[PDB]
Structure formats: C-alpha cells, structure tokens
Amino acid sequence: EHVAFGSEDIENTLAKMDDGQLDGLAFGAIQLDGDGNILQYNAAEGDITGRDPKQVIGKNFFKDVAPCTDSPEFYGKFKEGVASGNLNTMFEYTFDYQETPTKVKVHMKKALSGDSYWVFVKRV
Ligand SMILES: *C(=O)/C=C/c1ccc(O)cc1
C-alpha cells in the first residue's frame, strides 16, 4: 500500500481498510476502540513489537498488551483525545515491556467515522 506515515489525510486513506490491506503498509498500524481494546493490528506492527497480530486483537492495549504505555505521556493523551472526541498527536516513545527497548515515533489520530482511534508506529 502506498501511504506515508504522518500523511495529512491518513484517516481518509485508511478509512474502513480490511485487515489484509492494512498488512500492506510500510509502518505499524493499530486501531483501538475508545476503551483501548484492539480492533485491528497489522503485520508491520507485529514485526516491530514481536506481538502476533492475530492473537492481540480483542485484548486491551493499555491494561494487557502494553503496560509501558499506561502513563500520562501515552495513555493519558489517548484518553483525553477520545474524550474530546478528537485526537491528533505525534511523539516519540520507548517500548520496553518484555522486549529489547525499542524507540519509535507514535502518531495517534481519531479515525474518520464512528468512535475509533488509530495508533501508527515507525522506528526512529
Ligand atoms: C510497552 O509496554 C509497549 C508495548 C507495546 C507497544 C506497541 C505494540 O504494538 C505492542 C506492545
């Protein structure tokens, strides 16, 4: 899939993408509900993090999969952007739960329709 990380219209291009098309992206992509439960999780993300994309869908990202993100700097921004019903934040972060510490760039952005949220990830 020909989509760049950070692109201005990313929520339109990825809108309603199926799991197979999401696996074609150059960067990691996760879709969460407003509680943080994982709806979609692509192959590029699994290659970065080690998680198995099939097994994590349905788990809670903040409570279960990614406790290192349960902090004001990641989860706090997520829950505030959900609450305003609007979210568009980009920041670097380190993933270090049961893995070699890996620094990434994270982009969280509200998905176009409904009440869903994207978490995009690439290495830095
Ligand atoms: C910290 O616990 C980070 C964990 C993590 C980040 C991103 C993922 O896709 C999976 C786990």
# chains A, B, ... in the order shown; residues from 1 in each chain; ligands from 1
>>> residues_around(residues="residue 73 of chain A", least_positions_apart="4", cutoff="12 Å", atoms="only C-alpha atoms", output="JSON, numbers by chain")
{"A": [68, 69, 77, 78, 79, 80, 89, 90, 91, 92, 93, 94, 106, 108]}
>>> residues_near_ligand(ligand="ligand 1", cutoff="6 Å", atoms="only C-alpha atoms and all ligand atoms", output="PDB file with C-alpha atoms, in the first residue's frame")
ATOM      1  CA  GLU A  45       3.495  -3.578  13.863  1.00  0.00           C
ATOM      2  CA  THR A  49       6.993  -5.298  18.595  1.00  0.00           C
ATOM      3  CA  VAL A  65      -0.610  -5.731  25.958  1.00  0.00           C
ATOM      4  CA  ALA A  66       1.344  -2.514  26.543  1.00  0.00           C
ATOM      5  CA  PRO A  67       1.686  -1.586  30.241  1.00  0.00           C
ATOM      6  CA  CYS A  68       4.702   0.601  29.390  1.00  0.00           C
ATOM      7  CA  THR A  69       2.226   2.947  27.592  1.00  0.00           C
ATOM      8  CA  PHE A  95       8.662   0.213  24.135  1.00  0.00           C
ATOM      9  CA  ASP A  96      10.347  -1.861  26.841  1.00  0.00           C
ATOM     10  CA  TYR A  97       7.867  -4.473  28.212  1.00  0.00           C
TER      11      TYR A  97
END
>>> residues_around(residues="residue 58 of chain A", least_positions_apart="2", cutoff="9 Å", atoms="only C-alpha atoms", output="NGL selection string")
:A and (37-40 or 55-56 or 60-61)
>>> closest_residue(among="A:11, A:62, A:82, A:23", to="residue 47 of chain A", atoms="only C-alpha atoms")
A:23
>>> residues_around(residues="residue 43 of chain A", least_positions_apart="2", cutoff="9 Å", atoms="only C-alpha atoms", output="ChimeraX atom specification")
/A:22-25,27-29,41,45-48,52-53
>>> residues_around(residues="residue 88 of chain A", least_positions_apart="6", cutoff="9 Å", atoms="only C-alpha atoms", output="list in words")
residues 81, 107, 108, 109 and 110 of chain A
>>> write_last_selection(atoms="N, CA and C atoms", output="compact mmCIF listing (two decimals), in the first residue's frame")
# COMPACT_ATOMS: atom_id res chain seq x y z
N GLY A 81 -7.86 12.64 24.19
CA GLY A 81 -8.28 12.86 22.82
C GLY A 81 -9.56 12.13 22.46
N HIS A 107 2.03 8.11 16.21
CA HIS A 107 1.04 9.07 15.75
C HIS A 107 -0.32 8.51 16.09
N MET A 108 -1.04 9.16 17.03
CA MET A 108 -2.40 8.77 17.36
C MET A 108 -3.36 9.76 16.70
N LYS A 109 -4.37 9.23 16.01
CA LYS A 109 -5.30 10.09 15.28
C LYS A 109 -6.67 9.44 15.27
N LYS A 110 -7.70 10.24 15.59
CA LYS A 110 -9.07 9.72 15.55
C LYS A 110 -9.40 9.25 14.14
>>> atom_distance(atom1="atom CA of residue 31 of chain A", atom2="atom CA of residue 59 of chain A")
11.8 Å
>>> atom_distance(atom1="atom CA of residue 4 of chain A", atom2="atom CA of residue 26 of chain A")
7.5 Å
>>> select_by_dssp(residues="chain A", states="strand (DSSP E or B)", output="PyMOL selection string")
chain A and resi 28-33+37-41+60+88-95+102-110+116-123
>>> write_last_selection(atoms="C-alpha atoms", output="PDB file, in the first residue's frame")
ATOM      1  CA  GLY A  28       2.778  -0.221  12.096  1.00  0.00           C
ATOM      2  CA  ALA A  29      -0.945   0.428  12.415  1.00  0.00           C
ATOM      3  CA  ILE A  30      -3.319  -0.397  15.284  1.00  0.00           C
ATOM      4  CA  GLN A  31      -6.954   0.528  15.569  1.00  0.00           C
ATOM      5  CA  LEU A  32      -8.404   0.878  19.095  1.00  0.00           C
ATOM      6  CA  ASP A  33     -11.886   1.490  20.438  1.00  0.00           C
ATOM      7  CA  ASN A  37      -9.426  -2.550  23.033  1.00  0.00           C
ATOM      8  CA  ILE A  38      -7.572  -3.673  19.906  1.00  0.00           C
ATOM      9  CA  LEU A  39      -9.786  -3.876  16.764  1.00  0.00           C
ATOM     10  CA  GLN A  40      -7.001  -4.168  14.114  1.00  0.00           C
ATOM     11  CA  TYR A  41      -3.241  -4.755  14.305  1.00  0.00           C
ATOM     12  CA  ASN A  60      -6.881  -4.177  25.929  1.00  0.00           C
ATOM     13  CA  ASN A  88      -4.115  14.157  16.610  1.00  0.00           C
ATOM     14  CA  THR A  89      -0.776  13.819  18.409  1.00  0.00           C
ATOM     15  CA  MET A  90       2.689  12.683  17.346  1.00  0.00           C
ATOM     16  CA  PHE A  91       5.549  11.917  19.762  1.00  0.00           C
ATOM     17  CA  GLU A  92       8.473   9.569  20.251  1.00  0.00           C
ATOM     18  CA  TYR A  93       8.320   6.802  22.879  1.00  0.00           C
ATOM     19  CA  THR A  94      10.223   3.709  24.021  1.00  0.00           C
ATOM     20  CA  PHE A  95       8.662   0.213  24.135  1.00  0.00           C
ATOM     21  CA  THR A 102      12.839  -0.006  21.058  1.00  0.00           C
ATOM     22  CA  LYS A 103      12.421   3.727  20.353  1.00  0.00           C
ATOM     23  CA  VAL A 104       9.609   4.652  17.957  1.00  0.00           C
ATOM     24  CA  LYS A 105       7.611   7.559  16.591  1.00  0.00           C
ATOM     25  CA  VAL A 106       3.933   7.284  17.509  1.00  0.00           C
ATOM     26  CA  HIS A 107       1.043   9.070  15.755  1.00  0.00           C
ATOM     27  CA  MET A 108      -2.401   8.772  17.360  1.00  0.00           C
ATOM     28  CA  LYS A 109      -5.302  10.088  15.278  1.00  0.00           C
ATOM     29  CA  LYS A 110      -9.070   9.722  15.547  1.00  0.00           C
ATOM     30  CA  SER A 116     -12.336   4.666  16.818  1.00  0.00           C
ATOM     31  CA  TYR A 117      -8.706   5.693  17.116  1.00  0.00           C
ATOM     32  CA  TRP A 118      -5.551   4.870  15.147  1.00  0.00           C
ATOM     33  CA  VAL A 119      -2.106   4.304  16.668  1.00  0.00           C
ATOM     34  CA  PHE A 120       0.614   4.456  13.979  1.00  0.00           C
ATOM     35  CA  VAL A 121       4.214   3.442  14.742  1.00  0.00           C
ATOM     36  CA  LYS A 122       7.590   3.514  12.992  1.00  0.00           C
ATOM     37  CA  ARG A 123      11.174   3.075  14.173  1.00  0.00           C
TER      38      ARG A 123
END
>>> atom_distance(atom1="atom CA of residue 50 of chain A", atom2="atom CA of residue 100 of chain A")
10.1 Å
